[PDB]
Amino acid sequence: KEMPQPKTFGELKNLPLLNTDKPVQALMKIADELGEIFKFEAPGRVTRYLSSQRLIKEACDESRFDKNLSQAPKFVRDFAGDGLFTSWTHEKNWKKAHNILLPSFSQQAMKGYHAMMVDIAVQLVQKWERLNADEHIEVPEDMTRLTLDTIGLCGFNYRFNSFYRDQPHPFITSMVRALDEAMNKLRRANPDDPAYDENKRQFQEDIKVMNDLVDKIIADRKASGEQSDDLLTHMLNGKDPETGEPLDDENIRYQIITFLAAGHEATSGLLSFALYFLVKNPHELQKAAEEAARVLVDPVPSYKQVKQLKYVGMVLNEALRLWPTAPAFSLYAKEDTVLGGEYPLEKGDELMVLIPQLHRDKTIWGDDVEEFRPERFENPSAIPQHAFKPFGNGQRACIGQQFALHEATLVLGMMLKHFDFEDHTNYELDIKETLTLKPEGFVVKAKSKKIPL
Ligand code: HEM
Ligand SMILES: [Mg+2]
């Protein structure tokens, strides 16, 4: 078959379609119009956007297709280097670091992180316990404080102390501002224009701020010899079983910057969208609050108790189904191949998986794809293979998935145990896009249930 293509802009082809603050929502609208596959052209590049489970299952065959670095990740590589997220599968450092870090991210390894996750979660609950009657909560802002602080403590035993601040720690300001530069670089008609000399100087400054902190903490840890429950201790001590080599200090720095840069925002967006869906769907809020009350019977949650929050886990999977917070990933054809029996591809051709549209495939999910129904995930053996992919695919799938889901389960369970929530503004969903998705402006009021910590 011949391939559908959205509207074009002369010699700029389709490129201006992405000159928007909300490009993935734009592409989802295009997908709705054009169907399971469409071509997208820009000066010097071409990709094909996939939306159906039928085609994405094929794209996810690792014998045929491998991870490609899409446009904003190639710029993120300027500060995350050959850390796990911005390396190619075939670079030595990718596999070395994957083999070293995998056991440190396993479900079993969560038992070792649990206490530092509860440290930051208790800080969030005390913050909200201490609001006055007429105050409200800025939900994505607080979730972001929580997720940055939790990855800082678990990643490198460092406190960003985000709940002590309106202006984040300078490392966070630099990283946030670097991620924004990466995104903003994509939308520049004249990348070399002198108007951007300032953005380029600030970008180098921010890279320097990030490296200087992380390098110093690494050096401090080597100089002290201290052994903590964090990823930095694991990286200092670890050898790749296959090569026999450890990670060098530069790459350990890239991994630390990568866990913060890749993980914080997608996890804070998940928590913010799950609370959004529960305040809009009070019967599901009640089910999840009843479960948190029945299960979280102790003043702080244990690892075992967090595992028993099945309905909270169902709520978080259904929020990932609707708004997977790292919404698109890119692949390339390893050799010439035919996609879906219809679309011939040459070696090197690019594909993009649009995960919000895969999760709205009506042939898989049924017709009510916009409705929030946690019970879709009651028994996850019902879900066909390759239908639900919020954490990507295969060996290049999110290494932080058990971390994110333990964090979000813990924190949402505690939120639901300790407070009732009110959507006092009747908030209108407005999804902001960075590297990730979140509900911008989402606010609520909490009313404490007056349960001790
Ligand atoms: C709900 C929260 C999260 C979601 C939805 C999510 C989603 C994703 C997705 C879709 C990918 C694949 C990207 C691609 O193919 O280009 C990815 C990769 C990755 N994520 Fe996550 N992520 C989340 C949380 C985290 C956290 C908490 C961490 C770290 C503590 C993390 C670290 C990573 C890394 C290091 C990669 C690269 C893995 C590799 O290629 O070896 N993520 N994530
Ligand atoms: Mg309903």
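Specify whether the C-alpha gyration tensor of the range 1-66 places it in the rounded, prolate or oblate class, a ≥ b ≥ c being the square roots of the eigenvalues: rounded for a/c under 1.5, otherwise prolate if a/b is larger than b/c and oblate if not. It is prolate, given that a/c is not under 1.5 and a/b is the larger ratio. Between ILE451 and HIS90, residue separation times 0.36 nm minus the direct Cα-Cα distance comes to 124.8 nm. Computed from label points 7 Å out along Cα-Cβ, the spacing between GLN286 and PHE9 is 5.0 nm.
What value, in deg cm²/dmol to 500, does the helix sum -39500 (n - 2.57) over DSSP H runs of n ≥ 4 give at 222 nm once divided by the residues of the chain? The partial results should precede the final answer.
On the way: 16 runs with 218 residues, N = 453.
It lands at -15500 deg cm²/dmol.
In terms of other Cβ atoms within 10 Å, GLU138, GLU11 run from fewest to most in the order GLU11, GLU138.
Annotation: the range 71-221 has a Kirkwood hydrodynamic radius of 18.0 angstrom, from the mean reciprocal C-alpha pair distance.
So if the hydrodynamic radius of the range 168-294 is defined as the Kirkwood radius over C-alpha pairs, what does Stokes-Einstein give as its diffusion coefficient at 4 °C and 1.567 mPa s, in µm² per second? The estimated diffusion coefficient comes to 71 µm²/s. Can you list the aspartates and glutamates whose alpha carbon sits under 19 Å from that of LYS450, skipping same-chain ones fewer than 8 residues off? In chain and number order, the partners are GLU129, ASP134, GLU135, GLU290, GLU291, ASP298, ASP420, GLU422. Close amide H contacts of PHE419 (hydrogens built in the peptide plane, cut-off under 5 Å, sequence separation of 5 or more or a different chain): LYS449.
Between rounded, prolate and oblate, where does the range 309-453 land on the alpha carbon gyration tensor, with a ≥ b ≥ c its root eigenvalues, rounded for a/c under 1.5, else prolate if a/b exceeds b/c?
Working: a/c = 2.19, a/b = 2.09, b/c = 1.05.
The shape class here is prolate.
Normalised by 2.2 N^0.38 Å, where N is the number of residues, the alpha-carbon radius of gyration of the range 133-211 equals 1.36.
Once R0 is set to 41 Å, what does the formula 1/(1 + (r/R0)^6) return for the Cβ-Cβ distance between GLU242 and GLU33, expressed as a FRET efficiency to the nearest 0.05? Step by step, r from the Cβ atoms, then E = 0.30.
Evaluated at q = 0.19 Å⁻¹, the base-10 log of the normalised Debye intensity for the range 273-362, with identical point scatterers placed on the Cα atoms, takes the values -0.91. Along its first, second and third principal axes, ordered by size, the range 1-111 spans 50, 33, 27 Å in Cα coordinates. Relative to the current alpha-carbon distance between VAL297 and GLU371, full extension at 0.36 nm per residue lengthens the span by 23.5 nm.
The convex hull defined by the C-alpha atoms of the chain has an orientation-averaged projected area of 22.6 nm². Distances between placed amide hydrogens fall under 5 Å for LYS438 paired with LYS432, all partners being 5 or more residues away or on another chain.
For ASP66, the residues whose amide H sits under 5 Å from its own are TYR332, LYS334, ignoring neighbours fewer than 5 places away on the same chain, with H placed 1.01 Å from N.
If you rank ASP32, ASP423 by fewest surrounding Cβ atoms within 10 Å, what's the result?
Details: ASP32 11, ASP423 16.
Starting with the residue having the fewest Cβ neighbours, the order is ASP32, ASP423.
For the range 255-301, the calculated P(r) over all alpha carbon pairs, in 5 Å bins from 0 to the bin holding the longest distance, is 5, 18, 15, 16, 18, 14, 10, 5, 0 percent.
Residue-normalised convex hull volume from the C-alpha trace of the range 123-178: 86 Å³ per residue.
Extension gain, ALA133 to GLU198, is 19.0 nm, computed as 0.36 nm per intervening residue step minus the present C-alpha separation. Would you calculate the separation in nanometres between label points at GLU346 and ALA397, each defined as 7 Å from the Cα along the Cα-to-beta-carbon direction? Once both label points are built, they end up 3.3 nm from each other.
The mean sequence separation of alpha-carbon pairs under 8 Å and at least six residues apart, normalised by the residue count of the chain, gives a relative contact order of 25 percent.
All Cβ positions, even for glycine, are placed from backbone atoms using ideal geometry, and neighbour counts span all protein chains on display. Readers should treat all values here as calculations from the given coordinates under stated rules, not as data from a laboratory.
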